[PDB]
**Student:** 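So that we are looking at the same thing, I have put the structure below in structure tokens.
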Amino acid sequence: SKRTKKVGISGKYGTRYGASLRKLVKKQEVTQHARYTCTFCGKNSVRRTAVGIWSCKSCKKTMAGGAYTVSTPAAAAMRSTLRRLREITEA
Amino acid sequence: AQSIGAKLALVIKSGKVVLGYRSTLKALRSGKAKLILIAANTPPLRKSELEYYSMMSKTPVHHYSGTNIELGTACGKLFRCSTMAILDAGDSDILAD
Amino acid sequence: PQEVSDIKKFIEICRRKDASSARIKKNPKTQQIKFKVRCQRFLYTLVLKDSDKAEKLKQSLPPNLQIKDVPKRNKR
Amino acid sequence: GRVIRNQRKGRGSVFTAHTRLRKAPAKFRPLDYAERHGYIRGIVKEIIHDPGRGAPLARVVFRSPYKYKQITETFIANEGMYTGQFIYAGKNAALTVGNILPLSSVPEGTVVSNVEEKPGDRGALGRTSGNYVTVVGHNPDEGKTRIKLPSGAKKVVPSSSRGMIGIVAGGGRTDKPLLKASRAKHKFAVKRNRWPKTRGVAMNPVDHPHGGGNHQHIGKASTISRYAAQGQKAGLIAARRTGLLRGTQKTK
Amino acid sequence: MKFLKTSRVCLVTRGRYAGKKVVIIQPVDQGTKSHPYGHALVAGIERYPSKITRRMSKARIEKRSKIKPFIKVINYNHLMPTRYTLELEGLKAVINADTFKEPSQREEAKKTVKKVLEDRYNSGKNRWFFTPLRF
Amino acid sequence: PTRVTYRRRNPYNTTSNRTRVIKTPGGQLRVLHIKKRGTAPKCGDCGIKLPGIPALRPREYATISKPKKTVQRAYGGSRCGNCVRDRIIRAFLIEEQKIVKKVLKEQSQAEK
RNA sequence: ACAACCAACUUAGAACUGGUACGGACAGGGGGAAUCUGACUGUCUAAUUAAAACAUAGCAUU
RNA sequence: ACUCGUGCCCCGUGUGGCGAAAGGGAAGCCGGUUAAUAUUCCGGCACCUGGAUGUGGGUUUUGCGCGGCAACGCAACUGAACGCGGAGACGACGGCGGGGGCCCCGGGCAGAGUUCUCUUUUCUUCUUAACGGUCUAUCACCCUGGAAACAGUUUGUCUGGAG
Ligand SMILES: [Mg+2]
Ligand SMILES: [Mg+2]
Ligand SMILES: [Mg+2]
Ligand SMILES: [Mg+2]
Ligand SMILES: [Mg+2]
Ligand SMILES: [Mg+2]
Ligand SMILES: [Mg+2]
Ligand SMILES: [Mg+2]
Ligand SMILES: [Mg+2]
Ligand SMILES: [Mg+2]
Ligand SMILES: [Mg+2]
Ligand SMILES: [Mg+2]
Ligand SMILES: [Mg+2]
Ligand SMILES: [Mg+2]
Ligand SMILES: [Mg+2]
Ligand SMILES: [Mg+2]
Ligand SMILES: [Mg+2]
Ligand SMILES: [Mg+2]
Ligand SMILES: [Mg+2]
Ligand SMILES: [Mg+2]
Ligand SMILES: [Mg+2]
Ligand SMILES: [Mg+2]
Ligand SMILES: [Mg+2]
Ligand SMILES: [Mg+2]
Ligand SMILES: [Mg+2]
């Protein structure tokens with residue numbers, strides 16, 4: 001079944017706070033409650049514990065991530081840039 | 001290399017392999033392992049242990065660039081595989097290089 | 001309170017210097033005889049199912065330490 | 001008139017920051033011989049949530065160069081750091097995320113966190129979630145380094161100042177609406193007694209410069225001079241301009 | 001190729017002797033009725049000789065250079081084989097899977113192993129075997 | 001279904017005023033004040049419960065014997081055994097790698 | 001595949017019946033069409049004002 | 001370390017107090033007893049802390065236990081400094097499972113109520129403490145083994161070649 005047309009996870013808020021605010025909250029809530037594959041062990045068991053803290057239930061590893069996503073695009077771009085600018089210094 | 005996937009598919013189709021850490025260690029101990037594959041995201045301690053076992057067995061090691069998910073998919077399974085051993089390479093030439 | 005499994009350990013306990021007194025509790029409804037010896041820390045109870053061994057244990061016990069028979073309806 | 005709320009806040013009392021659930025301040029290691037000349041290796045034991053702080057903190061254990069003990073430090077966690085990770089702090093440390101390096105040994109264009117204003121101060125700049133300091137340039141003869149701050153300002157710090165390679169974890173925390181008075185209350189209940197806030201125009205003249213009147217109105221220009229007396233500084237202090245920002249701003 | 005044979009030096013990774021170094025006396029690659037798995041009869045050191053210095057007297061040195069051995073049946077999965085090896089002729093057939101059935105045989109085998117290991121230790125050879133592992 | 005009372009001057013349910021209900025040989029229902037539950041010691045590496053050690057209040061461990069407080073192997077208490085095996089294997093591998101690295105550096109950088 | 005033994009309640013269907021009555025006391029929403037106003041939950045003049053006032057999230061400025 | 005207190009030798013980064021009769025925390029239960037106290041008195045049966053030295057037991061005599069593949073076990077089974085770790089030690093809410101007590105039902109025992117008529121009837125009692133011994137009790141962990149025709153599995157979920 002579907003149980004809902006568009007409100008999705010944001011249906012717990014009823015008719016309150018306004019549609020635009022409900023959509024904005026839903027956008028972050030979906031990613032913040034989603035499950036993620038562990039980079040270290042490969043299991044789909046990484047979940048958010050605190051605002052910027054993501055832990056794997058299987059391999060028990062904890063990593064520092066984004067507020068509502070495990071990795072932010074800024075950090076990914078910074079990692080790529082760091083690798084490039086470090087390799088051009090090393091060799 | 002990219003050809004490792006085709007070689008692995010041929011080896012599984014024709015020869016025989018063991019998938020998993022315990023079976024790989026058993027093969028290395030018994031000396032019937034011809035080559036071992038270790039996934040990139042294998043834990044460092046386990047990877048070093050497997051490398052030491054293969055040094056003892058004089059068995060070649062290939063460091064598969066993919067994760068355990070990708071290694072299992074290459075082996076044609078629906079589960080992950082952190083490490084595996086090839087006990088018999090058949091029509092494939094995986095042991096040539 | 002502690003249960004003593006066998007007659008040898010019970011009599012060895014009764015030989016102890018700190019053994020103060022002993023008493024036989026007869027439960028006819030269960031046909032049971034309990035030998036209880038009061039030491040310093042614990043009260044030791046040995047359970048017997050027959051009267052022959054009870055009488056032989058009573059006669060083989062040390063004679064210095066006093067023995068009672070637990071009268072029915074002990075007074076305050 | 002009365003002493004206004006902004007004046008009362010500086011007395012302390014009920015406006016003191018809450019500290020029970022905060023375990024330790026987030027600081028670098030003290031600048032020592034190992035960090036000055038080579039590098040030192042530390043192990044990340046845990047990534048913890050610090051109440052009142054958006055960014056997570058990292059507990060990192062180091063060995064004492066001079067004693068058999070071991071020392072646990074509390075760093076601001078950079079995003080990508082994980083438990084069981086080796087981090088390296090020193091002049092000769094590798095240029096990887098989580099390593100603490102002096103700005104002199106860092107190329108131009110890299111971002112760092114918890115940058116020291118002066119070497120040995122154990123971190124002052126760019127220590128909030130999603131924030132960082134960019135290494136704009138170097139002046140080796142002067143022994144200094146130009147950096148760009150989160151606010152957009154340009155600063156010059158001695159090249160010996162240290163920073164942690166990467167971006168502070170905690171991502172886009174302010175990307176989701178609080179949506180609820182309770183959530184604002186929970187946010188501030190571990191920081192300070194500053195919520196809720198009553199508007200000055202809703203007060204009486206005894207309570208605030210914006211005072212009373214038969215309509216809720218300020219009644220005089222809300223921009224207040226930089227050198228106004230204490231008790232007068234309510235509104236927009238030393239405002240260069242007001243109104244909606246309708247374009248790019250020359251200042252940065 | 002086989003590397004788990006007699007003389008092969010290994011480390012025990014489980015049990016009371018975890019972290020202790022052993023030398024294989026007899027590998028049993030196929031299981032027996034008991035222990036139906038690849039295992040090995042091994043002899044090892046329980047109490048390593050203490051550190052000795054150039055300043056101690058010979059009596060103190062000889063009292064400190066004492067080894068308490070042990071004899072074990074151990075699963076292969078509870079061993080870590082090492083590149084090191086120890087061919088001692090005195091330990092050729094000290095234990096034969098029947099010494100473990102009688103405590104007196106265990107004591108006699110331990111005495112023999114103790115004597116052989118002490119002789120080898122004061123020979124000055126295979127110092128890695130007699131140096132305790134730090135972990 | 002007789003009702004019960006606290007047997008101490010503390011009238012509040014303060015996580016230290018734990019009680020359970022008993023029936024006495026006198027035939028009446030009563031309260032027994034009980035202490036907090038014992039807690040199993042955890043591994044210092046992985047944090048799981050350690051098998052073979054009783055869960056007691058901290059002061060209670062001072063009156064039971066050592067073999068009941070520990071298990072007979074290296075890091076008997078405070079480590080779980082799997083962590084001990086990992087430590088052993090890791091230590092051996094790091095020393096082996098260090099030895100081969102020093103020999104390689106001596107053979108390939110000091111050969112002249 | 002039936003028989004025997006054990007065990008509570010929950011639901012559904014039918015006949016008959018009386019005072020056409022049955023949530024028989026108790027318990028227990030009046031509803032609808034609109035206008036002004038504050039978005040909502042919340043708070044205040046203890047002892048004449050509970051509100052459209054305050055707060056709020058959101059927005060903007062310094 | 002001396003007949004005798006006072007002779008030295010090591011470690012050092014720290015170096016106060018008050019503040020909870022609901023926070024943390026060593027240890028006591030039952031029966032009886034007074035006009036009025038009782039987990040305090042009496043009887044029985046226990047526990048903790050501290051200090052002392054005994055008997056037995058264990059271990060060893062160039063030395064500090066033994067067993068189990070293992071998870072670990074056993075009545076002990078040396079251990080300074082220095083260090084590491086655990087416990088103390090922690091939110092709110094939801095459904096599920098185990099246990100105690102209470103409630104309810106059936107039978108029996110003893111007493112009481114009703115009994116023109118009926119009711120194998122209605123009601124009450126039938127108890128078992130701390131402290132111990134012994135055998136068990138989910139989760140977890142170990143060994144064998146190697147899973148796709150994927151399997152196991154909760155009300156819900158989830159778990160597995162990292163087995
Ligand atoms: Mg004034
Ligand atoms: Mg306001
Ligand atoms: Mg007003
Ligand atoms: Mg004024
Ligand atoms: Mg003015
Ligand atoms: Mg207005
Ligand atoms: Mg006007
Ligand atoms: Mg009706
Ligand atoms: Mg109503
Ligand atoms: Mg309103
Ligand atoms: Mg108020
Ligand atoms: Mg009023
Ligand atoms: Mg008034
Ligand atoms: Mg009123
Ligand atoms: Mg005090
Ligand atoms: Mg208290
Ligand atoms: Mg008393
Ligand atoms: Mg008394
Ligand atoms: Mg004592
Ligand atoms: Mg003795
Ligand atoms: Mg507390
Ligand atoms: Mg009971
Ligand atoms: Mg009821
Ligand atoms: Mg009944
Ligand atoms: Mg009982």
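Chain identifiers are assigned alphabetically (A, B, ...) following the order of the sequence lines, protein sequences preceding nucleic acid strands; residue numbering begins at 1 within each chain.
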**Student:** Side chain of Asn10(F) only, heavy atoms from C-beta on: which candidate in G23(H), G86(H), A75(H) is closest?
**Tutor:**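 For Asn10(F), the side-chain atoms sit closest to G23(H).
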
**Student:** Could you tell me the Watson-Crick or G-U partner of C143(H), where both distances fall under 3.5 Å? Say none if there is no partner.
**Tutor:**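 The base-pairing partner of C143(H), which may sit in any strand shown, does not exist here.
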
**Student:** From the set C69(H), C131(H), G85(H), return the single nucleotide nearest to any side-chain atom of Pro1(C).
**Tutor:**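 Within the option list, the nearest is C131(H).
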
**Student:** Under the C1'-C2'-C3'-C4' criterion, what is the pucker of the sugar in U15(H): north or south?
**Tutor:**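 Pucker of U15(H): south.
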
**Student:** Nearest to the side chain of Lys110(E) - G73(H), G23(H), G67(H)?
**Tutor:**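 Side chain of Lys110(E) sits closest to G67(H).
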
**Student:** Going by modelled atom types, is there a donor-acceptor pair between the base of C72(H) and the side chain of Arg16(E) at under 3.5 Å?
**Tutor:**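 Such a pair does not exist between side chain and base.
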
**Student:** Using the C1'-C2'-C3'-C4' torsion, classify the pucker of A26(H) as north or south, with positive meaning north.
**Tutor:**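 By the sign criterion, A26(H) is north.
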
**Student:** The sugar of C90(H): north or south, by the sign of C1'-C2'-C3'-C4'?
**Tutor:**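 It's south.
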
**Student:** May I have the distance from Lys49(F) (atom NZ) to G86(H) (atom P), rounded to whole angstrom?
**Tutor:**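 In whole Å, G86(H) P and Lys49(F) NZ are 17 Å from each other.
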
**Student:** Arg30(F) has a side chain; which of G88(H), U128(H), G31(H) sits nearest to it?
**Tutor:**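 The nucleotide sitting nearest to the side chain is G31(H).
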
**Student:** Mind checking the P distance from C47(H) to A35(H)? Whole angstroms is fine.
**Tutor:**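 One P to the other, the span is 36 Å.
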
**Student:** If you assign each of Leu32(F) and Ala59(E) to its closest nucleotide in RNA chain H, which residue comes earlier from the 5' end?
**Tutor:**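 The residue whose closest nucleotide sits nearer the 5' end is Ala59(E).
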
**Student:** Please report the distance, rounded to the nearest Å, between CZ in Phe100(E) and P in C66(H).
**Tutor:**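 The answer, rounded to whole Å, is 14 Å.
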
**Student:** Which part of the nucleic acid does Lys23(F) contact within heavy-atom distance under 4.0 Å: base, sugar-phosphate only, or nothing?
**Tutor:**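 Sugar-phosphate contact only.
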
**Student:** If you take atom types as modelled and just measure distance, does the side chain of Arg16(A) reach the base of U41(G) with a donor-acceptor pair under 3.5 Å?
**Tutor:**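 Not at all, since no donor on one side and acceptor on the other fall under 3.5 Å apart.
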
**Student:** Base, sugar-phosphate or nothing for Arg60(E)? Non-hydrogen atoms, less than 4.0 Å.
**Tutor:**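 Nothing, no heavy atom under 4.0 Å.
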
**Student:** Toss me the dot-bracket line for RNA chain G: Watson-Crick and G-U wobble, both under 3.5 Å, 5' to 3', using | for pairs to another strand and [ ] for crossers.
**Tutor:** .................(...)...................((.........))........

**Student:** Reading nucleotides 141-163 of chain H from the 5' end, what letters show protein touch, with B for base, S for backbone sugar-phosphate only, - for no heavy atom under 4.0 Å?
**Tutor:** SSSSBB-B---------SSSBBB

**Student:** Rounding to the closest angstrom, what is the interatomic distance between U78(H) and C84(H) at atom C1'?
**Tutor:**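 Roughly 22 Å separates the two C1' atoms.
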
**Student:** Say we look at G156(H) and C96(H): how far apart would their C1' atoms be, to the nearest angstrom?
**Tutor:**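 One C1' to the other, the span is 9 Å.
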
**Student:** Sugar-phosphate atoms are those with a prime plus P, OP1 and OP2; base atoms are the rest. Using that split, label each nucleotide of nucleotides 57-62 of chain G B, S or - for protein heavy atoms under 4.0 Å, 5' to 3'.
**Tutor:** SS-SBS

**Student:** With rounding to the closest Å, how many angstrom separate the P atoms on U34(H) and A27(H)?
**Tutor:**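 My reading of the P atoms in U34(H) and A27(H) gives 34 Å.
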
**Student:** Describe, in one word, how the ring planes of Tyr6(F) and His33(F) are oriented to each other, choosing from parallel (under 30°), tilted (30 to 60°) and perpendicular (over 60°).
**Tutor:**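 Rings of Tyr6(F) and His33(F): tilted, as their planes differ by 30° to 60°.
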
**Student:** Does the ring of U78(H) sit north or south, if a positive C1'-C2'-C3'-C4' angle means north and a negative one means south?
**Tutor:**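 It's north.
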
**Student:** Within the 4.0 Å heavy-atom criterion, would you say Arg47(E) contacts the bases, only the backbone, or no part of the nucleic acid?
**Tutor:**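 Here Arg47(E) touches the bases of the nucleic acid.
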
**Student:** Picking from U13(H), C30(H), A46(H), which would you name as closest to the side chain of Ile22(F)?
**Tutor:**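 Ranking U13(H), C30(H), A46(H) by closest atom to the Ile22(F) side chain puts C30(H) first.
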
**Student:** Going by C1'-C2'-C3'-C4' alone, is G5(H) a north or a south sugar?
**Tutor:**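 Pucker of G5(H): north.
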
**Student:** So is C45(H) sitting in a Watson-Crick or G-U wobble pair with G28(H), both distances under 3.5 Å?
**Tutor:**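 Paired: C45(H) with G28(H), WC or G-U, both distances under 3.5 Å.
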
